[PDB]
Each structure stands twice: as structure tokens, then as C-alpha cells.
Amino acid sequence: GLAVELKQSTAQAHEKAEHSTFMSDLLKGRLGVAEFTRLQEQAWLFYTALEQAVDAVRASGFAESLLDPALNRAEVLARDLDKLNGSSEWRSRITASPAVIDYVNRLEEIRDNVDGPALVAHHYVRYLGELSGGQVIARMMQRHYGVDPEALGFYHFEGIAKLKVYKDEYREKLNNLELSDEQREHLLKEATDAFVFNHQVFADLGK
């Protein structure tokens, strides 16, 4: 089933992602709110690009049940960032890192070419990752740095009653998505590429 193959084909990359210098330092309480904020600003840029690609691919009729609009993060993130930065000025001030530029370019390609299987891979990497682990990151931002949970709405999914039931449903949706052999190989390749993009974002953030 595709869910298991996605997990297994990216397991090594997931492990590298848990041990990136920036993300490891952040979660162990060795950085600070400033660094968490920089993370969230870059995330806002790529979630914005991701959600345009989602919208396009959903509109095309591909993977519609998987592409649940309750997952959308960009607007919630912007409200977090308003709280973290003290105003809405950051929107006009932030600049994409080179890795974020590259990720945003790929997401815009996926959007404009309506690359459904690519989009689903990036959807899995982002949303199932935040569904799974985002609770932990949020708890640690609060515990290590005193971030108010009002600035942690990104890690809370309001439209989702029960996360464990949700993740099971999501995996089952992956398992039922009708794909040609070539579309499936592309989806799996793209999931690897999504982690590499993520790894380069964290790399830039630690530099």
C-alpha cells in the first residue's frame, strides 16, 4: 500500500530532518523565539505556494477527498506571525531564503502543470508531518521559550476532531488513490524531493 511505501522510502530522510542542526537546536531549547519566528516566516512563504498548488489540483478533480481544505495553514500562520512579530508588517518585509525560492518554484511548477501526483507527495510530507509531530514542536516552543499558544495556531487543526482517526483516514485515502505505475513512481520520487527541499530550508536557517 502506498502509505507504507511512502513511509519506508522517506524514513532515512525523516531521520536526517530530526537531526538537522537548526531544527535539533530549536527543539532542544538552544535557540529562541527569534529563530522560531524565522522558521515560521519561511514556512508562510512555502505553505502559501503549496496551497495554491493544492487549490489547482483539487479544482482539476484529482485526489479531492485527500485535499481537505481544513488542513490549510497559510492564513493560520499569518495570524501566528502577526502575534509573534507584534504587527502585520512582516508580510511586506520578509524575504525568501534561496532554498525557499527553489521550493516555491517547484510548487509553482506543480500548480501550473497541474501535477497531481507531485502535489499529493508534497501534501503528505507537509500536512501528515504536521499532523503527526507538530504537537511536539508546539509543546516545546511553549516549554523551552515561553511562546504563547496563541502564536502556535499553525500546529492546531481546528476542523479536525480526532487526529488519530484523521491520520488513519488520510493513510487509507493514499492507499485508495488510483494511479498509473508512472504516476506512483513520480509521487514516491517527489516525496523524497519534498524532504530534500525541507532539508535545504533548515540548512539556510542554521547558516
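Residue positions are given as counts along the sequence shown, with the first one as 1.
Per-stretch averaging of Cα B factors for 119-127 and 97-105 places 97-105 on top. Here the stretch with the larger average CA B-factor, out of 85-93 and 109-117, is 85-93. Ranking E178, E41, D68, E51 by the C-alpha B-factor listed in the PDB entry places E178 at the top. Annotation for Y166: CA B-factor lies in the highest third of the chain's modelled residues. Among the modelled residues of the chain, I160 sits in the highest third by CA temperature factor in this PDB entry. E182 sits in the middle third of its chain by CA B factor, as recorded in the PDB entry. In the deposited entry, the Cα temperature factor of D148 places it in the middle third of its chain's modelled residues.
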